[PDB]
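One chain comes next, on its own, written as structure tokens: the form deposited in one PDB entry.
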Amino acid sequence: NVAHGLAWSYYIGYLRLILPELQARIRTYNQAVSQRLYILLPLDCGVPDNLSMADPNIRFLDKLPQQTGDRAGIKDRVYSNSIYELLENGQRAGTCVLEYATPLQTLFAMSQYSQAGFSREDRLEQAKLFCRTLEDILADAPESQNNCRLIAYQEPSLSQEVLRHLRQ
């Protein structure tokens, strides 16, 4: 349904532009940090803006250097990404570039706006469909090769979730 389009949009408008240059940006910063972009997909579409206050064991460290380009008439559109440390029992246990898949917010907001024709009951299904479509896209995308990881989850810890994947 709507999720198919937002997944394709997430790829075309973002992932395919930044993933090719992401390893370049991460070496420039080391000049410690995983070489993948970790993408959080909460299946209830509960996407906070402040990630550090969503789990005390996730902590903002720094921004990667910016990637800019002219895009659809906007001069120097800016793609920035944030680096986080992940704590476990008061120890720095991992560091990575981490974010939520923003289009899940669109799913959320559409579910609240009556004009959008999208019930609040359909949110989980659309999130699943979005996750599936994005998986299918990335499995076959040349810009992805390592490069990034989808972390999908459903809340009945986040930092432990992320840390598992970082484990080897």
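Note that the rigid core is defined as the largest set of C-alphas that superpose within 1.5 Å between two forms. Residue numbers here begin at 1 and follow the sequence given.
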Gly13 dropped in a third or more of the other entries: no
At least a third of other PDB entries omit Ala93: no
Going by the record, give me the number of deposited-sequence residues missing between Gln31 and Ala32 as none, 1 to 3, 4 to 9, or 10 or more. 4 to 9
What does the record say about the segment between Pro156 and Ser157: how many deposited residues are without coordinates (none, 1 to 3, 4 to 9, 10 or more)? 4 to 9
Quick note on 43-51 and 22-30: per-entry mean CA temperature factor is higher in 22-30
Which of the two stretches, 55-63 or 127-135, shows the higher mean Cα temperature factor in the record? 55-63
Among all modelled residues of this chain, ranked by Cα B factor, put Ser114 in the bottom, middle or top third, i.e. lowest, middle or highest. middle
Binned into thirds over the chain's modelled residues, the C-alpha B-factor of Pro103 lands in the lowest
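One more form of this protein should be noted, the form deposited in another entry, which is absent from this view; the next part is about it.
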Once you align the rigid core, which of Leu61, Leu124, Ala116, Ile137 turns out to move its Cα at least 2 Å between this form and the one not shown? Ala116
